[PDB]
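Chains W, D, G, S, X, C, L and H, in that order, are what the protein sequence lines are. 16 is the number of the first residue of the first sequence in the UniProt record's numbering; add one for each residue after it. 14 is the number of the first residue of the second sequence in the UniProt record's numbering; add one for each residue after it. 26 is the number of the first residue of the third sequence in the UniProt record's numbering; add one for each residue after it. 28 is the number of the first residue of the fourth sequence in the UniProt record's numbering; add one for each residue after it. 25 is the number of the first residue of the fifth sequence in the UniProt record's numbering; add one for each residue after it. 17 is the number of the first residue of the sixth sequence in the UniProt record's numbering; add one for each residue after it. 32 is the number of the first residue of the seventh sequence in the UniProt record's numbering; add one for each residue after it. 34 is the number of the first residue of the eighth sequence in the UniProt record's numbering; add one for each residue after it. We put the CB at the ideal spot given by N, CA and C, even for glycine. Before any comments, here is the structure.
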Amino acid sequence: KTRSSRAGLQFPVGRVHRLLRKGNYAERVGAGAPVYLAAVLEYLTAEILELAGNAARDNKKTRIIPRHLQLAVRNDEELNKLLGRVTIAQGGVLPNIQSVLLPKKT
Amino acid sequence: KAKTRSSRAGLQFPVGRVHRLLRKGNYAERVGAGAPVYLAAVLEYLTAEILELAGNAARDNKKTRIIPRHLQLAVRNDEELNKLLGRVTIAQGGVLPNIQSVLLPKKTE
Amino acid sequence: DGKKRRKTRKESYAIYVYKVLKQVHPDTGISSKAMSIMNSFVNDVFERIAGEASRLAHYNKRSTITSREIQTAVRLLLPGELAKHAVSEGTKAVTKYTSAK
Amino acid sequence: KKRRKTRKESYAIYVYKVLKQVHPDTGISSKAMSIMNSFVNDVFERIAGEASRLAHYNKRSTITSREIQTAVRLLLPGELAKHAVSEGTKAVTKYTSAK
Amino acid sequence: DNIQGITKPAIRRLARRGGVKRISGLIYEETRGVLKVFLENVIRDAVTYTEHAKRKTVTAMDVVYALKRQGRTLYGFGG
Amino acid sequence: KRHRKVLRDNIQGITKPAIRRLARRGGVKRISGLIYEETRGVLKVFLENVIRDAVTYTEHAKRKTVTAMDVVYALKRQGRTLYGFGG
Amino acid sequence: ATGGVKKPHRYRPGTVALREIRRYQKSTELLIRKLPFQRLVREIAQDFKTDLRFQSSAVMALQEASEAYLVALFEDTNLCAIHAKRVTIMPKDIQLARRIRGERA
Amino acid sequence: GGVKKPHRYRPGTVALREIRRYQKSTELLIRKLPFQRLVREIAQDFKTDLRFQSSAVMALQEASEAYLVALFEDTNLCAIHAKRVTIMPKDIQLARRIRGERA
DNA sequence: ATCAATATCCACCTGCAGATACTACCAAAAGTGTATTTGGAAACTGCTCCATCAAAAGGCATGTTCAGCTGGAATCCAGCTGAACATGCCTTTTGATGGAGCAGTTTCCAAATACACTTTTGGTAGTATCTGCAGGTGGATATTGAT
DNA sequence: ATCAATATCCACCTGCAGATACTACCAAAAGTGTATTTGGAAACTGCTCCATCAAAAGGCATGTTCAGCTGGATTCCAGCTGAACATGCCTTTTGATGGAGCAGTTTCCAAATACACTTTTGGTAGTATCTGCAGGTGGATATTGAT
Ligand SMILES: [Mn+2]
Numbered sequence: 016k017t018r019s020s021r022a023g024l025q026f027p028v029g030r031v032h033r034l035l036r037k038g039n040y041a042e043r044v045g046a047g048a049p050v051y052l053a054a055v056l057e058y059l060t061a062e063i064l065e066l067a068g069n070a071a072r073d074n075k076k077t078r079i080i081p082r083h084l085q086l087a088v089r090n091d092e093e094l095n096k097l098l099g100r101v102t103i104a105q106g107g108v109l110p111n112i113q114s115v116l117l118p119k120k121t
Numbered sequence: 014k015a016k017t018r019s020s021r022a023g024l025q026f027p028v029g030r031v032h033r034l035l036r037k038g039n040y041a042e043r044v045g046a047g048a049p050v051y052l053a054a055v056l057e058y059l060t061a062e063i064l065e066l067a068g069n070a071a072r073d074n075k076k077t078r079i080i081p082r083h084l085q086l087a088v089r090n091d092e093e094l095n096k097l098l099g100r101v102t103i104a105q106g107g108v109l110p111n112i113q114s115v116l117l118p119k120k121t122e
Numbered sequence: 026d027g028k029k030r031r032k033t034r035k036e037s038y039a040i041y042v043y044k045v046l047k048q049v050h051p052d053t054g055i056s057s058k059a060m061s062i063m064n065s066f067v068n069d070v071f072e073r074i075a076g077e078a079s080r081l082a083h084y085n086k087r088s089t090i091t092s093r094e095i096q097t098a099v100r101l102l103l104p105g106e107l108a109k110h111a112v113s114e115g116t117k118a119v120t121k122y123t124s125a126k
Numbered sequence: 028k029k030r031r032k033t034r035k036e037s038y039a040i041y042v043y044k045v046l047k048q049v050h051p052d053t054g055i056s057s058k059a060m061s062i063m064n065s066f067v068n069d070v071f072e073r074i075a076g077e078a079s080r081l082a083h084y085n086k087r088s089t090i091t092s093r094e095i096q097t098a099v100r101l102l103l104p105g106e107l108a109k110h111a112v113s114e115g116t117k118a119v120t121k122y123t124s125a126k
Numbered sequence: 025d026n027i028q029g030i031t032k033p034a035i036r037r038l039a040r041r042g043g044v045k046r047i048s049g050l051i052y053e054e055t056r057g058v059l060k061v062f063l064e065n066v067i068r069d070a071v072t073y074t075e076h077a078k079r080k081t082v083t084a085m086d087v088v089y090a091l092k093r094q095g096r097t098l099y100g101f102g103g
Numbered sequence: 017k018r019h020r021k022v023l024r025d026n027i028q029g030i031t032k033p034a035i036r037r038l039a040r041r042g043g044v045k046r047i048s049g050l051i052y053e054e055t056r057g058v059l060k061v062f063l064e065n066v067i068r069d070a071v072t073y074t075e076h077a078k079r080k081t082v083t084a085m086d087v088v089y090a091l092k093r094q095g096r097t098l099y100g101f102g103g
Numbered sequence: 032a033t034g035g036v037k038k039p040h041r042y043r044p045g046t047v048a049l050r051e052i053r054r055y056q057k058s059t060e061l062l063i064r065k066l067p068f069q070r071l072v073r074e075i076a077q078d079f080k081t082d083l084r085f086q087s088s089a090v091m092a093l094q095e096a097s098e099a100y101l102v103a104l105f106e107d108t109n110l111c112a113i114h115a116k117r118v119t120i121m122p123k124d125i126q127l128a129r130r131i132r133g134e135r136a
Numbered sequence: 034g035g036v037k038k039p040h041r042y043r044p045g046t047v048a049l050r051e052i053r054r055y056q057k058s059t060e061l062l063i064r065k066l067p068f069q070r071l072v073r074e075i076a077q078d079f080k081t082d083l084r085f086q087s088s089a090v091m092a093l094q095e096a097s098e099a100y101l102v103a104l105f106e107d108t109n110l111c112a113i114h115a116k117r118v119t120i121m122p123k124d125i126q127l128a129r130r131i132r133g134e135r136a
């Protein structure tokens, strides 16, 4: 029986372990450590697709693409501050046009 | 012991201590033999570089001993250090004396 | 007529993504580029969590990162509501792995 | 008398040394000294770090002195960088020709 | 007073060092807001460091480790 | 069988219409005459910047080619981290 | 009868811009042409280092990066004219957007 | 009562004189008590019943104060850009945004 | 307020690259199980500096009158800047051949690791003279701003 | 240009916050010979991937005229704000006690890990057929714009 199952997750609980050793972030790795991680990583993955999935239904597409991800990420308070120095590769820009740039008073 | 690795390189920065700090921090599996020499050297010089200008800075303001204010004035007045500390705040450092030119008496002059 | 001087494996999370996808949307696909973005998402969030705990330990003389450091990282590194749910989601996983065997 | 003796090791004694090798008559206050000890620690970790990442992209594990060269090269502004690399290749060759 | 503990002239004093001649009236409140944002943000991080080393006291290193990752590094206290 | 001709003044390959579109998307309305020149320069530094890091990397593990991943480090390490092209 | 301007269609100054401010925003392609933005990633390089070569896909990354930027440097620079009570971007705009960003002084 | 035209330094001049005075000096320009109060009032909401090593509070006072100062130069610059010399909050709001705070 | 004259949605359609799909081997990685090591909680108490007390002292803040001008608004003419319209060029495109130069596998040693063991020294901890300088005093006079 | 009207800046004075000089101190940090371990450097080569061609077109950038109106400059004037002056409360701080709590030290096992097998899997390769939507057409309705 596998350490993913053992913990309930989907994100490779053994594979994140290695990368906590090969990285040399500290010397010794715990037991909760690599588990507790593959939980976060997964959750987030999960978070950002319940968004970029709906993104996709809104414009009648049905396969997620980078651009959907930009709407997702960008239309969302926290993710946005988590990804303030990130750059979504071909993920346009949230539609937006400033006020004083609109033509009126005939 | 016989001769310090520091003086075996000709420095005032512990080419020994570096090698421990580099091992304790977990930067790699294996710190090379040259590594801490180089690293110490490079550090040593930069610290000479500041102090030089930090000495001069005080000598302009009629003083013998260095205060923080002598560091802050030293640093910003120099382009390449300013960038190296481009996003650092020296405690009790103060700021370079500058006033925007449009705020000068009689309209703008 | 197969295989050329065994090419090193480019082990991504492409599959662990797709698996955690179909859960959220059973009938939504994903491009390569759509995806290829998500991998570095994982990849990126890793480096930071680990690394931030790496720091926590070194400010504590700890030569080990426990799930409590990972938590402290997560709690520092993530913004608000994203923090809580991750914190909990994390423990939930530990809880289960310290209740089997 | 080893109780409250958890060593708070610094660079202060080395900072003062170099202080003199250029401005022998000029002093340094403890407050300004601290800054000067914050600085060295700072500049250490960066170069150290930038070299810690530099091994890993290359699939290497030994932080040779080369790593540091680049680490600094990547890190240090224009001219102020050209000098550092030198002084650090200076000291390394001295050590290579040592007892 | 606390947030009202920060004074309009002190704000004028801190602004003058910025190099400001004429300070509009609303500023004083807006600034007092700007000041709270900063603080809440720092201490939250700092306190999270305290709580890790199991302590009921914020060290001046909890603060550096906080002000560092914030993005506003402070020399002068690190040890 | 090799080619390679002189490579000069290619900042012009960045053209006013396109320096427009960037600015359209920007959410921008009226483009003054100068911006076209100010931006081209503004772009040089950036490229100039990301590149003397992209390379400082390649130059290192003894290569003669700058890779996708090569850039990514030169981005990230400057606070411009891109996802997509790898790592 | 002699009195009625002309007839050829002309969209007012600004209501093609909005039509475009609307459009590029919508999507995602890079607004700089490849070959010409290529020669500049070739060219700025060889000036640091000759004999060097690029990956089909590093120059494709150096784009979406240095692109993105402008369109978001411009984002910041629109904002700035607007703040001088304007609707035109003039060089001084950018330069203020750069300065405050910490791109200058 | 009457005063027979005394001395009243023309406005902005006592201001423009204080600018020079404070740039040249370096002392923390917030009364230490109300600060050490505002520090204590906020952190309580993160953890109740705490302590602040006197350095830590000043460490923060160096940071908070020095932030503001810089942020004020950015404002003034923003302000002068509207062709003004009086910093309104409409200025601050642009400076924070560009820097990426309201962003 | 129509009425023409445009782009703009939206629907239907295709063409195929880019998706998803099985078979297949398979080197590495994941897990299992043992001996073996050890980082850090567990709890006890020593003291360094944190917190409120006390209690002056006056420095520094708050409200108040006055009027100086700075911001903003209201009108007006140069010419900048977009819109459009004619052309024609260089990017784009889709493909094909070296072949440069990257990368993967085999070999071998200089250099780096763990290790037992001798020595140097940086931090501590009082203890005590030293000392540049932060505020005090003239008395100059520069900058300000009335005449 | 005049000259009071105040803030500024220089030499010269002395006292103490705070840097310096001296010894006793000791764990631990570092250098020094020993014995072992393997990282990475080499040389050879399979092989993906870039430079480079080539030939054909077609959207795309160039320049050009033309004129709408934004930017910039002008005058203006109302009310926000700096100045100054009067209180007078509120910070300062020193000066020093309980007493928390950081921070130190002896314990001791649960937790890491290094150890050698064993099962599994996820990635490349290979080949092979789908299927979502760019993309191109056309016809209905929306936006803009001169009457
Ligand atoms: Mn060149």
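task: Report all residues from its chain with a CB closer than 6 Å to the CB of C/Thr55; omit the five preceding and five following residues, and keep chain order.
output: Position 39 of the sixth sequence, counting from 1, holds the residue named residue 55 of chain C. Only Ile35 meet the Cβ criterion.
query: Can C/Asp25 be considered in contact with ligand 1, in the sense that its beta carbon sits closer than 8 Å to one or more heavy atoms?
result: As a position in the sixth sequence, residue 25 of chain C is number 9, starting the count at 1. False, no ligand heavy atom lies under 8 Å from that Cβ.
- prompt: Start and end of the beta strand (DSSP E) containing X/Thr97?
  reply: Taking the first residue of the fifth sequence as 1, we reach residue 97 of chain X at position 73. Counting along the chain, the beta strand (DSSP E) containing X/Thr97 begins and ends at 97-99.
query: Should W/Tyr40 and G/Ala111 be called a contact, given that it needs their Cβ atoms to be closer than 9 Å?
result: Counting from 1 along the first sequence, the entry for residue 40 of chain W is found at position 25. Counting from 1 along the third sequence, the entry for residue 111 of chain G is found at position 86. Not a contact, by the Cβ cut-off of 9 Å.
task: Please classify W/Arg43: does DSSP put it in a helix, a strand, or coil?
output: One-based indexing of the first sequence puts residue 43 of chain W at position 28. Residue state, collapsed to three classes: strand.
task: Would you identify the three-state DSSP class for G/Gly54, choosing helix, strand or coil?
output: For the purposes of this step, residue 54 of chain G is identified with residue 29 of the third sequence, where counting begins at 1. Of the three classes helix, strand and coil, the one that applies to G/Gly54 here is coil, per DSSP.
query: Using a Cβ cut-off of 9 Å, which residues of the stretch 106-134 of chain H contact any Cβ in chain X, in chain order?
result: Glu106, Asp107, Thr108, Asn109, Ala112, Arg117, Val118, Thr119, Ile120, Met121, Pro122, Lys123, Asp124, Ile125, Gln126, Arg129, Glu134
query: In chain order, what residues of the same chain lie with their CB nearer than 6 Å to the CB of S/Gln48, ignoring the 5 residues before and after it?
result: By one-based count along the fourth sequence, residue 48 of chain S stands at place 21. Within the same chain, S/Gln48 has no close Cβ partners at all.
field: Backbone CA spacing between L/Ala99 and W/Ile63 [nearest angstrom]
entry: As a first step, residue 99 of chain L must be located in the seventh sequence, where it is residue number 68. As a first step, residue 63 of chain W must be located in the first sequence, where it is residue number 48. If you take the alpha carbons of L/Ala99 and W/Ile63, they lie about 21 Å apart.
message: In whole angstroms, give me the CA-to-CA distance for G/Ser88 and G/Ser124.
response: Taking the third sequence and counting its residues from 1, one reaches residue 88 of chain G at position 63. Taking the third sequence and counting its residues from 1, one reaches residue 124 of chain G at position 99. Going from the Cα of G/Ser88 to the Cα of G/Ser124 covers about 26 Å.
task: With a threshold of 16 other CB atoms inside 10 Å of the CB of G/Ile74, please say whether the residue is buried or exposed.
output: For this step, residue 74 of chain G is matched to residue 49 along the third sequence. Result: buried.
task: Just the C-alpha distance for X/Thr81 and H/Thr81, rounded to the nearest angstrom, thanks.
output: Here residue 81 of chain X corresponds to residue number 57 of the fifth sequence, with the count starting at 1. Here residue 81 of chain H corresponds to residue number 48 of the eighth sequence, with the count starting at 1. The alpha-carbon atoms of X/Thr81 and H/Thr81 are separated by roughly 11 Å.
task: If I'm right that D/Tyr51 touches S/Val119 with Cβ under 8 Å, what's the distance once you round it to whole angstroms?
output: By 1-based counting over the second sequence, the position of residue 51 of chain D is 38. By 1-based counting over the fourth sequence, the position of residue 119 of chain S is 92. Confirmed, about 5 Å.
query: Is the stretch 54-68 of chain G touching the stretch 17-24 of chain W, taking contact as three or more C-beta pairs under 8 Å?
result: no
query: In or out: L/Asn109 buried (at least 16 other Cβ within 10 Å) or exposed?
result: Numbered from its first residue, the seventh sequence carries residue 109 of chain L at position 78. It counts as buried.
- prompt: From L/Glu60 to W/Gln105, what does the alpha carbon distance come to, in whole angstroms?
  reply: What you label residue 60 of chain L is simply residue 29 of the seventh sequence in a count that begins at 1. What you label residue 105 of chain W is simply residue 90 of the first sequence in a count that begins at 1. Going by the C-alpha atoms only, they are around 7 Å apart.
task: Would you mind working out which of C/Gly49, C/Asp69, C/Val61 sits nearest C/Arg93, comparing C-alpha positions?
output: If you number the sixth sequence from 1, residue 93 of chain C lands on position 77. Here the closest residue by C-alpha is C/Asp69.
query: Between H/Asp78 and ligand 1, is the CB less than 8 Å from at least one heavy atom?
result: On the eighth sequence, residue 78 of chain H is found 45 positions in, with the first residue counted as 1. Result no, Cβ not under 8 Å from ligand 1.
query: What does X/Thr72 reach in chain G if we use C-beta pairs closer than 8 Å?
result: Counting from one through the fifth sequence, the residue named residue 72 of chain X turns up at place 48. Within 8 Å Cβ-Cβ: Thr97, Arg100, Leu101.
Residues in the stretch 32-55 of chain L having any Cβ partner in chain C nearer than 8 Å: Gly45, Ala48, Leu49, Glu51, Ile52, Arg54, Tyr55
field: D/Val101 - containing beta strand (DSSP E), residue span
entry: In the second sequence, the residue the question calls residue 101 of chain D occupies position 88. Where D/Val101 is concerned, the enclosing beta strand (DSSP E) stretches over 101-103.
task: Take D/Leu109 as the anchor and find which of H/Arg53, H/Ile75, H/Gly34 has the nearest alpha-carbon.
output: For the purposes of this step, residue 109 of chain D is identified with residue 96 of the second sequence, where counting begins at 1. When only C-alpha atoms are compared, the closest one is H/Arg53.
task: Tell me whether H/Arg129 is buried or exposed, calling it buried when 16 or more other Cβ atoms sit within 10 Å of its Cβ.
output: Taking the first residue of the eighth sequence as position 1, residue 129 of chain H is located at position 96. H/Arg129 should be labelled buried.
Chain C contact residues for residue 137 of chain L, given Cβ-Cβ distances below 8 Å: With chain L represented from 32 up to 136, any question about residue 137 of chain L goes unanswered, as that position is not in the structure.
- request: Can you give me the start and stop residues for the alpha helix (DSSP H) that W/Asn69 sits inside?
  value: Your numbering for residue 69 of chain W matches position 54 in the first sequence. Counting along the chain, the alpha helix (DSSP H) containing W/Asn69 begins and ends at 69-73.
message: Can you tell me which residues form a DSSP beta bridge with X/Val82?
response: For the purposes of this step, residue 82 of chain X is taken as residue 58 along the fifth sequence, with counting starting at 1. Answer is H/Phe85, bridged to X/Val82.
- prompt: Nearest CA to the CA of D/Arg43: which residue from S/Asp52, S/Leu102, S/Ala82, S/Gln96?
  reply: Translated into positions along the second sequence, residue 43 of chain D becomes position 30. Comparing Cα-Cα distances from D/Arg43 to each of S/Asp52, S/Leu102, S/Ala82, S/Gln96, the minimum goes to S/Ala82.
field: Collapsed DSSP secondary structure at L/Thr119 in the structure displayed
entry: The sequence position of residue 119 of chain L within the seventh sequence is 88, counting from 1. In the structure shown, L/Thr119 sits in a strand (DSSP, three-state: E or B).
- prompt: The alpha helix (DSSP H) with W/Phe26 in it runs from where to where?
  reply: The count along the first sequence starts at 1 and reaches residue 26 of chain W at position 11. Run containing W/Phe26: none; DSSP gives neither H nor E here.
query: Using a Cβ cut-off of 9 Å, which residues of the stretch 90-107 of chain D contact any Cβ in chain X, in chain order?
result: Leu98, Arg100, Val101, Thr102, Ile103, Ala104, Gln105, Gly106, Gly107
- prompt: Cβ of L/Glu74 versus every heavy atom of ligand 1: is any distance shorter than 8 Å?
  reply: Counting from one through the seventh sequence, the residue named residue 74 of chain L turns up at place 43. Yes, Cβ of L/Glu74 sits closer than 8 Å to a heavy atom of ligand 1.
Interface positions of the stretch 53-67 of chain S facing chain D (Cβ-Cβ less than 9 Å), listed along the chain: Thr53, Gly54, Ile55, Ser56, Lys58, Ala59, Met60, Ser61, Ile62, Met63, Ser65, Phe66, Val67
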